[PDB]
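Note sheet for the following structure.
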Amino acid sequence: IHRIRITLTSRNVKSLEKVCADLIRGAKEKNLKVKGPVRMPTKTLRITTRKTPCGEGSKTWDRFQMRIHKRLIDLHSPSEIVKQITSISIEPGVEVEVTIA
Amino acid sequence: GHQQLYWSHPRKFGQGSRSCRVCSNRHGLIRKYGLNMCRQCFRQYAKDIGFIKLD
Amino acid sequence: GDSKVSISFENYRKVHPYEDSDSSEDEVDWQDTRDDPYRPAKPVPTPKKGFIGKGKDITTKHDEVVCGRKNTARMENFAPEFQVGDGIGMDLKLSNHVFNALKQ
Amino acid sequence: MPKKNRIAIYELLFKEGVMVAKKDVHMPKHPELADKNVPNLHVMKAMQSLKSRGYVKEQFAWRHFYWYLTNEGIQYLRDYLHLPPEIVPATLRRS
Amino acid sequence: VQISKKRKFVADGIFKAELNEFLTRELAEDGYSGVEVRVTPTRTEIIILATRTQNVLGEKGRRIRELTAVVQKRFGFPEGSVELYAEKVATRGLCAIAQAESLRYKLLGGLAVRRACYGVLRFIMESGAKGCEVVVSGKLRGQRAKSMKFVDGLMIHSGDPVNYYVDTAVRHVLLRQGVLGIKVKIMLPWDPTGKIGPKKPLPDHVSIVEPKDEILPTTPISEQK
RNA sequence: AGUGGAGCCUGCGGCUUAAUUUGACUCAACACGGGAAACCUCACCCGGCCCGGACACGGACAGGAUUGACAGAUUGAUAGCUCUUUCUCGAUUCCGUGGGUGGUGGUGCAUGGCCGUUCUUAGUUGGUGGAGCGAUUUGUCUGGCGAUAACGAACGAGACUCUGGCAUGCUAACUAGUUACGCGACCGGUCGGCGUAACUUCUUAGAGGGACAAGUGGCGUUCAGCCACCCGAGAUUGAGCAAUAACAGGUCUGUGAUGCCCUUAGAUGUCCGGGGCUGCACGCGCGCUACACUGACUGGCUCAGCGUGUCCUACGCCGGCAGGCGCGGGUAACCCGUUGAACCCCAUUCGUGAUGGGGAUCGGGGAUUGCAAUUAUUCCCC
Ligand SMILES: [Zn+2]
């Protein structure tokens, strides 16, 4: 059982990178060969609205920006350890996508 | 009218088949990233969704 | 008190294992209850004889405490440019000469 | 409007007490009323007639009517469908 | 088959918005504070933050069951995937979104605007806040629309700090003559460990430790230990 | 460097029109109302259809209250819209009375919210001390060191948050590569051509460092500062948020935010059909392309970044061209995409003239988009 991929993704790194170390730490305690957490580039969602509801003023614009930080962490193990590591370190606002082989 | 003529016209494209998902209005709609909100309604819920004004 | 730069007494603190000891976490809650002082009075009709009660504890129509409190409560319904403050939280007994000057 | 639709409304209201909408005269068939062919317009007007009569509680939220069962409105559908009182809705089943 | 993460995190934020709007619409006369969605693939657990948990539950838990059926039916996710839990807010005073609704309840209750506003102001000043403002504007006295303001404590108006210190809450009270807007901005404290405010210090406020007054040397002493 | 001068695109008025809806009129309206409107949008004009009158009362109603409908007349309409023709339907109603809804209907000079402006200003408020009975004053400071009954705060300004610049140090990388060694190809080399071992320099993104008037020397009531030089990546970029007090600034036309008024069934509610928003004598603007030799025409050589993507596309074939087909990838640093953009560079031709510059104005065919391109939607070529 090889090339199991875990995709941690959230909106800000202060909770993403917190649980990123909480998942790579369990594997080292369980003595598993794991790749480092690679940083798939932070995608920036950009929405520029008009500030007025009217069409009136100095034509001043908003700049709304949503950032999504993507991380990939690789482990090479049977898929039964994956659920017992990921299921305990549950954090709000951080979603854990997972593929097996 | 009867069912053949009451909605006889196809509302499948254009701004008449697109309304804000909150205020049902057909002007100033954003459909990038599948928001489907009004430009005045999105500014109310921008923080609640989690858009932050950085620059 | 409010200075931006501050001086810290972190050195002189001896021991503090229990920072959250249950002494200062008293849940102050009086707003939605009936312990709120800022509530309507549900007014009583004025007695025709001009006073309330018998014996020696007769609180009359012209009582200085009640009239002063009513003067402050009447002061609360002034124009918005008029600055009142929080005369209900502390007990005010505002007299008729003072209130009449203000009302004027 | 046909009585078949009006009866077809009143079943799903008794079991859970929740009926939803979208406010579209133009859209022809309501998802929750599967294989019964009741337009959402009839749902709107049948529960609006019950709103003025005090049997449902409205709460409009983002183009979606939310409908409820009043305490007195419990007995109203027990006379229409003649449901005997030993059958309880989902209001008082758990806990 | 799934939609892109760009269109997913957007559509998740629209989900957490409509639920909050609906809960505000229903429970504006309950003491409602907020939503806390915790997404678990077994069941999504939504915590209601309200100050009277008994009335939102209702008698025998009847209200929570009907509204969890509502949130089941509206969003289309399958049954047995929602778990609603009402919970008491830790401090009613510091949560200005809940507190800008209780003032609206008082203005609906027939109170004079100044009496209720000062009551709210003093309760949030006493609750542990470092400063606050309450602004009521509209038809206050006659047809001309004036304004009021109740300022006490300290406040900041510019910079990143504002984002995690004040809690701007704008509500509309619906009176017989018109509408009044209410703007409550409660400056939270620097409560570090505490869940009353954000640990992060204000970007400018600096604290200097007093010197541990060491022993002045008297005689060179060699002590073996 | 421009605009104003030319042609033209789009907003304004004036003018016609059944309508050429409307808001907005110095900066603080005029490519603004996310307003690039064929139907929708859409409110405006003409015509037609429906009730979607909730609810309560009175009357009618089962021996029917009604609904829907073939055929013909009419109709733009396989509009029972009305009549004839009489077929359906089982209280789901109908007529008046009250009274609720529905409005992109009227007041933004009745409101909220949001925004703009004064103002991106440089101010605003408190507390303590002293003078005065008091209004008030000092602070909130005369001077060109020195006086100095004053001292301290808070908001704003800065700080902050995001971004740009530096790290051959750290963290790691088959969804980015690099190095090496083999395989192959063509003349020790070039390969974006092929695979495993080295690594993070490049590419990514996290932490932490880095710059603080830094240093030195001249000029300055030698004061705040100025000039030169050095160390340096930098002696610093660009934003965001923005006080106190105000405008009778803009927005019922963003909302199921909204007080009253109006309309409420030959409807200001829907829906549908055709128009209009774009007309055209004329003035006002934002703007594109130009008036050419630093130019144009025709080849080759060419190097990005921000981003989008179920609609982005790769690839073969048919057609110059737009486009069709046939298959694949991509829900995404994996595929378009090594994003092989344009100005640019190198060769040819034109030579100061309304010229090949510059393309407006018009006639044709041809192809997609979509019920529908006539008031040319757009695109190709004469
Ligand atoms: Zn929007």
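Shown for chain C, in order and in Swiss-Prot numbering: 105-208.
The header says electron microscopy, 3.7 Å.
Backbone N, Cα and C define each Cβ position, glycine as well.
Between C:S112, C:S199, the residue that has phosphoserine written against it in Swiss-Prot is C:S112.
According to Swiss-Prot, the listed position annotated as phosphotyrosine out of C:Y116, C:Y122 is C:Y122.
Looking up C:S110, C:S128 in Swiss-Prot for phosphoserine, the annotated residue turns out to be C:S128. Ranking the modified residues C:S112, C:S125, C:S127, C:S128 by the number of CB atoms within 10 A of their own CB puts C:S112 at the top. Taking the Cα atom of each, C:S127 (phosphoserine) and C:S112 (phosphoserine) are about 23 angstrom apart. Less than 8 angstroms from the CB of C:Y122 (phosphotyrosine) sits no same-chain residue that is six or more residues away. According to its DSSP assignment, C:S127 (phosphoserine) is coil.
In this structure the C-alpha atoms belonging to C:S125 (phosphoserine) and C:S112 (phosphoserine) are separated by 21 Å.
The subset of modified residues C:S112, C:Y122, C:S125, C:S127, C:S128 lying near chain E, with Cβ atoms under 8 Å apart, consists of C:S112. Geometry remark: C:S112 (phosphoserine) versus C:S128 (phosphoserine), CA distance 21 Å.
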